[PDB]
Amino acid sequence: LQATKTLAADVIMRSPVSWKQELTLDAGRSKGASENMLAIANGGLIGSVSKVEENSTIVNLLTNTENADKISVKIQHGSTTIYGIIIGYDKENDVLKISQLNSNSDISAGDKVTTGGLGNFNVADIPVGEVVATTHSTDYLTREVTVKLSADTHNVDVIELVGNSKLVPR
């Protein structure tokens, strides 16, 4: 069970370059934007807050080639859950990349991926997408998962920021 705080704001800038995909929203700290927040559109995860200013917020999109934000995700495979982190996006195969998996459970195409709530972006259960496949599948530590995103920001002009409202989740 979870408690969240949210803030919906207009998109006022969108980067036109593939090498830094981001949006600027017309709210920030003065209206409650926080650095733990994730960003949603169309019911699903579209990015993470990368900077909060007094009256604006920059959101780093999930379609960036490399992603340093260590966004926690989890994958449901029947009755087991596998945690990992988002590490980037393959623009030529149109899939999100996840690694640092906490399990050697089987992972199958169609398995649902949601936010995990660990680390800095500590809000769980936001839809991310569905598994396409795994690669490096027999590696001791470095199995990776590719995921088809269920949401994007195409023709979206309002984004919802969401953060955990509990002081110390535990």
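Readers should treat all values here as calculations from the given coordinates under stated rules, not as data from a laboratory. Here the Cβ positions follow ideal geometry from the backbone for every residue, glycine too, while neighbour counts run over all protein chains shown.
Under 5 Å between amide H atoms, partner at least 5 residues away or on a different chain: which partners does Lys51 have, H built in plane at 1.01 Å?
Amide H neighbours of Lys51, under 5 Å, 5+ apart: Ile58.
Have a look at the chain and give its Rg and Dmax from the Cα atoms, expressed in angstrom.
15.6, 49
For segment 62-152, just say rounded, prolate or oblate: build the C-alpha gyration tensor, square-root its eigenvalues into a ≥ b ≥ c, call rounded for a/c under 1.5, and beyond that prolate if a/b exceeds b/c, oblate if not.
rounded
What is the order of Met37, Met13, fewest Cβ neighbours within 10 Å to most?
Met13, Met37
How far is the Cα center of segment 10-24 from the Cα center of segment 126-170, in Å?
19 Å
For segment 44-56, in order, what is each residue's ³J(HN,Hα) by Karplus, 6.51 cos²θ - 1.76 cosθ + 1.60 with θ = phi - 60°, in whole Hz (x at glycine and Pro)?
x, 5, 10, x, 9, 5, 10, 8, 10, 9, 4, 10, 8
On a 26 Å Cα-Cα criterion, which of the cross-link pairs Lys51/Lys112; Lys97/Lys166; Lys5/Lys51 come out too long?
Over 26 Å apart, Cα to Cα: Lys51/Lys112; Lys97/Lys166.
Ignoring the sites themselves, what is the longest stretch of the chain with no chymotrypsin sites (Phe, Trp or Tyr not before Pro) in a DSSP loop and at most 14 other beta-carbon atoms within 10 Å?
The longest uninterrupted stretch comes out as 20-139.
Please report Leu149, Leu45 as a ranked list, fewest other C-beta atoms within 10 angstrom at the top and most at the bottom.
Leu149, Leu45
Rounded if a/c is under 1.5, else prolate if a/b beats b/c, else oblate: with a ≥ b ≥ c from the C-alpha gyration tensor eigenvalues square-rooted, which is segment 33-107?
On the way: a/c = 2.25, a/b = 1.75, b/c = 1.29.
Here segment 33-107 falls in the prolate category.
Over the chain, what is the relative contact order in whole percent, taking alpha-carbon pairs under 8 Å and six or more residues apart? Mind showing how you got there, number by number?
Values: 449 pairs, mean separation 43.4, N = 170.
Relative CO of the chain lands at 26 percent.
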